[PDB]
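In what follows, a single structure is set out as structure tokens and then discussed.
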Amino acid sequence: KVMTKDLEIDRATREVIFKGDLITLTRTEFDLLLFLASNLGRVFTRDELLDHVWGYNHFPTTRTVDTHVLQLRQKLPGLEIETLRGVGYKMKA
Amino acid sequence: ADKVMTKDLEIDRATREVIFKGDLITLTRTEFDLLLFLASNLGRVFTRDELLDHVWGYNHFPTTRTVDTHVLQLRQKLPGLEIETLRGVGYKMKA
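Just so you know, the protein sequences line up as chains B and A, in that order. Numbering of the first sequence is given in the deposited numbering, commencing with residue 128 and proceeding in unit increments. Numbering of the second sequence is given in the deposited numbering, commencing with residue 126 and proceeding in unit increments.
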């Protein structure tokens, strides 16, 4: 079982006890709760939590945007898309 | 009317053809959609979240906003749950 101050979680059954009460969570709520509770004290980005809880490669993410920009660059050599590190992209001309 | 023209680049939105430096370029549908969007919005910076919505479609699939709302749902169902919101970054469970 996974234990925190307030939680007793059974990975096998989707069962959650919170401060003694049995709480009904959806499957995705459970996955998010278990992931955080299994990694106490650690900060996860919103992008990372989407990946870890909803899974990889089921739908487009911000990573997909980056990959598509790189593919455009390879197919159109010299394409004037500028990278703003930590933000996004701008086509110059 | 069908065309968007930028440096070295001709895009026809009706035939979905791209001519770059004199060569026809074979693109996937989403590569084309991204290129056409950027080429139609020269000089403008977009974040990755914005390009996701503008090019892949808004509210079509889970995003970081869905993460935010799920954290709120957990805090409602588990009153007092010790999830810390790191604004603009992510989340942490303290203990």
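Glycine included, every Cβ here is placed at the ideal spot set by N, Cα and C.
Round the Cβ separation of residue i and residue j to the nearest angstrom and send it over; I've been treating them as touching at under 8 Å.
i                      : j                      : result
residue 206 of chain B : residue 212 of chain B : That pair is no contact at about 18 Å.
residue 155 of chain B : residue 180 of chain B : 6 Å
residue 163 of chain A : residue 218 of chain B : 4 Å
What residue range does the alpha helix (DSSP H) around residue i cover?
i                      : result
residue 256 of chain A : Because residue 256 of chain A is not part of the residues shown, which for chain A are 126 to 220, the question remains open.
residue 171 of chain A : Unbroken run through residue 171 of chain A is the beta strand (DSSP E), 170-172; no alpha helix (DSSP H).
CA-CA distance, residue i and residue j?
i                      : j                      : result
residue 170 of chain A : residue 190 of chain A : 21 Å
residue 215 of chain A : residue 216 of chain B : 22 Å
residue 105 of chain A : residue 138 of chain A : Beyond the ends of chain A as shown, which are 126 and 220, falls residue 105 of chain A; an answer cannot be given.
residue 132 of chain B : residue 157 of chain B : 17 Å
residue 149 of chain A : residue 184 of chain A : 33 Å
residue 210 of chain B : residue 136 of chain A : 22 Å
residue 159 of chain A : residue 129 of chain B : 43 Å
residue 144 of chain B : residue 142 of chain A : 57 Å
residue 188 of chain A : residue 161 of chain B : 19 Å
residue 202 of chain A : residue 186 of chain A : 24 Å
Under the three-state reduction of DSSP, which class applies to residue i: helix, strand or coil?
i                      : result
residue 193 of chain B : helix
residue 135 of chain B : strand
residue 151 of chain B : coil
residue 202 of chain A : helix
Along the chain, where does the beta strand (DSSP E) that runs through residue i open and close?
i                      : result
residue 211 of chain A : 208-211
> Name the residues in the segment 192-217 of chain A whose C-beta lies less than 9 Å from a C-beta of chain B; which are they?
Replying inline: 192, 193, 195, 196, 198, 199, 202, 203, 204, 205, 206, 207, 208, 209, 211, 213, 214, 215, 216 and 217
> Going along the segment 132-157 of chain B in order, which residues come within less than 7 Å of chain A, judged by CB to CB distance?
Replying inline: Per Cβ criterion, the list reads 132, 133, 145, 150, 152, 155 and 156.
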